[PDB]
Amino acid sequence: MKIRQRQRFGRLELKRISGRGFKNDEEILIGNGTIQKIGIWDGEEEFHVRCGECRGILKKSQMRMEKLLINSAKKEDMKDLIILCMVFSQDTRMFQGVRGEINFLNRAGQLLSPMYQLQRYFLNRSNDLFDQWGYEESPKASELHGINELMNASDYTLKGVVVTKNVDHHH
């Protein structure tokens, strides 16, 4: 239907544009050697995504971020959107990136649930994530360019992530 409330994953705002995922509770052995109970989504899905000023298209499958296209925006929003999408995608690389205990409390003194532990952890320790994520030679394409961990156009890109330029197509 035309009017749809957006879904939210902390700071990440999302709207699904294709696919049909199904959620199954699974036990996941993550990178710090602990087992986490997580509702894992299965199926190829694409989302419209946004964090602050940065907007993009996220394509995922089960525990895999396939492709992330985003616009150029303020670097903190670009970086946060990428991290939130890596976490949202439940990518195995993301799970494997965790070190030490994820036992963060909220302001009501309760433990965050596992997905929110992960969002909180990687937002504030992104080098853990990006190291595990992998880098590849940037795509050489006309309207797309890769980005590095500093959110700059580079010869090498975070794997699966692509940025568009702000171009005056209509003059």
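Position 1 is the first residue in the sequence shown; the rest follow in order.
86-94 and 69-77 differ in mean CA B-factor, and the higher of the two is recorded for 69-77. The stretch 128-136 shows the higher mean C-alpha B-factor when 25-33 is compared against 128-136 in the entry. Considering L123, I102, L58, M63 together, the PDB entry gives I102 the largest C-alpha B factor. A108: CA B factor in the highest third of modelled residues in this chain (values from the PDB entry). Looking at the C-alpha B-factors along this chain, the one for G39 belongs to the middle third. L150 sits in the lowest third of its chain by CA B factor, as recorded in the PDB entry.
Looking at the C-alpha B-factors along this chain, the one for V161 belongs to the lowest third.
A141 sits in the highest third of its chain by CA B factor, as recorded in the PDB entry.
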